[PDB]
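>>> using only what follows, build the 3D model:
(one chain, ligands or ions: 3)
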Amino acid sequence: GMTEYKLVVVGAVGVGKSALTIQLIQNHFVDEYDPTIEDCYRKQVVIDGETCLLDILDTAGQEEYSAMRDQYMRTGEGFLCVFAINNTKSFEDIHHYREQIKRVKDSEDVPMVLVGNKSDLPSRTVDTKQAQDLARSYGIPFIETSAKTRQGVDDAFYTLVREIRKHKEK
Ligand SMILES: Nc1nc2c(ncn2[C@@H]2O[C@H](COP(=O)(O)OP(=O)(O)O)[C@@H](O)[C@H]2O)c(=O)[nH]1
Ligand SMILES: *Sc1ccc(F)c(F)c1
Ligand SMILES: [Mg+2]
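Numbering: from 1, shown residues only. Ligands and ions are numbered 1, 2, ... in the order given. Please find the structure below.
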């Protein structure tokens, strides 16, 4: 089979995890997608000339059993840590997600990309400089996206694949 990357999209409810994922997969923007639905998507793409399969888990937070969260964190190779630029709490929540993924994988070397979504809105509580500072402290890229306009969306996902590649070649 073609090379396969397992990606997991995490972050506070309402930040745009579903909208980002559906924009990547189906190239349209979804105004309303039930906040409580968690689903694994598949999409064949070409990244740096490489035909590959993306398995993307669009997460929805708490699970029936915490075992289920741990399972997808161990399976996942890379994580999109998403906040919304007009939501400070969602930015603060990033610390929790960073910690929890490292904790479950018991690793200090977990491919991640920090994503500030909703960049199309003038309304902004988290400046680029603040987000850049956090990503720098993690040693990971920061990308601003808009699931609505599509800006930055392929970059967010493809960068995460490239981060996974760097980990795997070690
Ligand atoms: N303006 C704007 N709205 C967005 C963007 N991404 C998501 N939304 C809206 O934010 C709300 C929550 O998005 P959703 O994808 O369901 O967030 P999730 O809970 O993280 O899965 C929905 O009403 C979306 O239409 C974006 O990039 N720009
Ligand atoms: S689509 C998917 C399901 C589970 C998982 F851990 C992933 F990384 C992707
Ligand atoms: Mg959702």
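
>>> confirm residue 115 sits in a strand?
Yes. Membership of residue 115 in a strand is supported by DSSP: H, G, I helix; E, B strand; the rest coil.

>>> I'd say it and residue 84 touch.
No. The pair formed by residue 115 and residue 84 falls short of the contact definition of CB atoms under 8 Å, at 9.5 Å. The way it works is simple: take the backbone N, C-alpha and C, and place the C-beta from them, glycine included.

>>> comparing those two, which shows the higher neighbour count?
Taking other CB atoms under 10 Å, residue 115 and residue 84 do not tie; residue 115 has more neighbours (33 against 25).

>>> leaving out the residues flanking it, which one is nearest to the more buried one?
residue 82 (4.5 Å; CB to CB, 6 or more residues apart in numbering).

>>> if you look at the helix or strand containing that neighbour, does any of it touch ligand 3?
Using DSSP states H and E, residue 82 sits within strand 78-84. No. Strand 78-84 stays clear of ligand 3 (CB under 5 Å from the ion), getting no nearer than 10.1 Å.

>>> quick check, central residue of the chain?
residue 80 (1.9 Å; CA atoms, centre = their mean).

>>> any idea how far residue 5 is from residue 59?
16 Å (CB to CB, to the nearest Å).

>>> same check on residue 10?
Taking CB to CB, one finds residue 10 at 5 Å from residue 59.

>>> hey, what's the residue nearest to the centre of the chain bridged with?
residue 9, residue 113 (DSSP bridges).

>>> show me what contacts it?
Listed by CB atoms under 8 Å, 6 or more residues apart in numbering, the contact set of residue 80 reads 7-11, 17, 20, 112-113, 115, 156-157, 160.
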